[PDB]
Amino acid sequence: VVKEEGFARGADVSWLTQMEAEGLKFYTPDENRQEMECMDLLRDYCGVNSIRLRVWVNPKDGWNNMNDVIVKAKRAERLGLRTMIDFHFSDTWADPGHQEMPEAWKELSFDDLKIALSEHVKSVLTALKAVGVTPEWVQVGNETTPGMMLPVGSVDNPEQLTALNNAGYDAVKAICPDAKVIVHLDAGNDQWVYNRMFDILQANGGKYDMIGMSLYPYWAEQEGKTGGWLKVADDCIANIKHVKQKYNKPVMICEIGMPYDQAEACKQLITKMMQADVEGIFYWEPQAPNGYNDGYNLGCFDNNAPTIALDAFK
Ligand SMILES: OC[C@H]1O[C@@H](O)[C@H](O)[C@@H](O)[C@H]1O
């Protein structure tokens, strides 16, 4: 098997090692319904050529730590899958409402905080290099719409945010000179969020190679917003065009998802977005059963097998 080039048809499968430990099984969606390892299933039946993995610094239960990430990245590599590493710079989930630095970093000087961030990035990438894995892409933060490691890396501290961003960028290039560094925000439909962040980076010499977006549009259907999920997708396509023009950087859809029970609409969304001016699309945790963790319903499996959603990728 060899890694594909070109458009990234991806999945984030960070939960996979925990699910395996908990005893979940995955099956082929054809008549034979063969039990199968999940990455191999995604590659062979869902057209996936790329895998994304989150990194948490000192997580209580160990999942998403460097050690776990190495396991999944080695498996991706062996199966001929390209890898994206997504640094949360937290001990737990990083998202627009929750950007908490690791507890161990909370009393460092700003100068030592930059060094700890840098050392975390380098140590993870160095360990990946040692086991034969060179990521194609790396995110410096995850959905950093308000900044990262708040309050210190808040957009309200543009100099400090930029300095943390650049420590990350520098650390990636140190170990992986050809890795594309992604700044990833949520709400790809929302130009204003992108303007604010990327104008901060412009104003302060922020380094990044690629703009990352999340697209989860089904809420607009459910809340009965005029235009439905299609309007949110069209607004995302407009925003993709806008950031390319204004900042001259390529765009990745780092996360996409629809309700597991919206197979047909999800297939159409992905088919639609595959013609947008992006370098790839990563389905977030496609294998997660409805209800997983806190009640997650935006997987694209049912009865432990892929729905037609990722038929877009085949
Ligand atoms: O369980 C799915 C997870 O989705 C994440 O993006 C979020 O940050 C977590 O708090 C949890 O909702």
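Note that the numbering runs from 1 along the sequence shown for the chain. Just so you know, these numbers use all the heavy atoms, side chains as well, and skip hydrogens, waters and symmetry mates.
Annotation: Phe87 is in aromatic contact with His120 [ring centroid separation under 6.0 Å]. Between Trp56 and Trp93, the distance from one ring center to the other falls under 6.0 angstrom.
The hydrophobic cluster containing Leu16 does not contain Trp63, counting ILVMFWY residues as joined when their side-chain heavy atoms lie under 4.5 angstrom apart, directly or transitively.
For the residue pair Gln202 / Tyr247, no side-chain donor-acceptor distance below 3.5 Å is found, with atom types taken as modelled.
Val71 shares a hydrophobic cluster with no other residue; no ILVMFWY side chain has heavy atoms under 4.5 Å from its own. Taking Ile, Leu, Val, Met, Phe, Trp and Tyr as hydrophobic and joining them when side-chain heavy atoms fall under 4.5 Å apart, one finds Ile308 isolated, its cluster having no other members.
A search for salt bridge (charged side-chain N to carboxylate O under 4.0 Å, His left out) contacts involving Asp235 returns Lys231, not counting sequence neighbours. For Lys129, the side-chain hydrogen bond (donor to acceptor under 3.5 Å, both in side chains) criterion is met by no residue, not counting sequence neighbours. Every residue two or more places apart in sequence or in another chain that forms a side-chain hydrogen bond (donor to acceptor under 3.5 Å, both in side chains) with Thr145 is listed here: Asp186. With sequence neighbours left out, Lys180 forms a salt bridge (charged side-chain N to carboxylate O under 4.0 Å, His left out) with no residue at all. Every residue two or more places apart in sequence or in another chain that forms a salt bridge (charged side-chain N to carboxylate O under 4.0 Å, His left out) with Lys272 is listed here: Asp234. Taking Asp111 as the reference, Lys114 meet the salt bridge (charged side-chain N to carboxylate O under 4.0 Å, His left out) condition, with sequence neighbours excluded. Looking at residues two or more places apart in sequence or on another chain, you find a side-chain hydrogen bond (donor to acceptor under 3.5 Å, both in side chains) between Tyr169 and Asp209. Judged as a side-chain hydrogen bond (donor to acceptor under 3.5 Å, both in side chains), and not counting sequence neighbours, the contacts of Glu100 are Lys106.
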Output a table of donor-acceptor pairs, distance under 3.5 Å, between side-chain atoms of residues 278-288 and any protein atom two or more places apart or on a different chain; print 'none' if there are none.
from: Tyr283; atom 1: OH; to: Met258; atom 2: N; distance (Å): 3.1
from: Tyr283; atom 1: OH; to: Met258; atom 2: O; distance (Å): 3.0
from: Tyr283; atom 1: OH; to: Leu298; atom 2: O; distance (Å): 2.8
from: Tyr283; atom 1: OH; to: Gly299; atom 2: O; distance (Å): 3.3
from: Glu285; atom 1: OE1; to: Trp15; atom 2: N; distance (Å): 3.3
from: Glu285; atom 1: OE1; to: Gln287; atom 2: NE2; distance (Å): 2.8
from: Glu285; atom 1: OE2; to: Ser14; atom 2: N; distance (Å): 3.2
from: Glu285; atom 1: OE2; to: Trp15; atom 2: N; distance (Å): 3.0
from: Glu285; atom 1: OE2; to: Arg54; atom 2: NH1; distance (Å): 2.9
from: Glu285; atom 1: OE2; to: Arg54; atom 2: NH2; distance (Å): 3.0

Report the C-alpha distance between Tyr292 and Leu24 in whole Å, list the side-chain angles of each, state the deciding distance to 0.1 Å, and finish with yes or no for side chain to side chain contact (heavy atoms under 4.5 Å, CB included). CA-CA 11 Å; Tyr292 199 73; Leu24 297 200; 4.3 Å; yes

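Residues in residues 144-156 take part in no salt bridge (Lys or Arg N to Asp or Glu O under 4.0 Å) pair, two or more places apart or across chains.
In summary, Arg75 and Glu37 engage in a salt bridge, as defined by a charged side-chain N under 4.0 Å from a carboxylate O.
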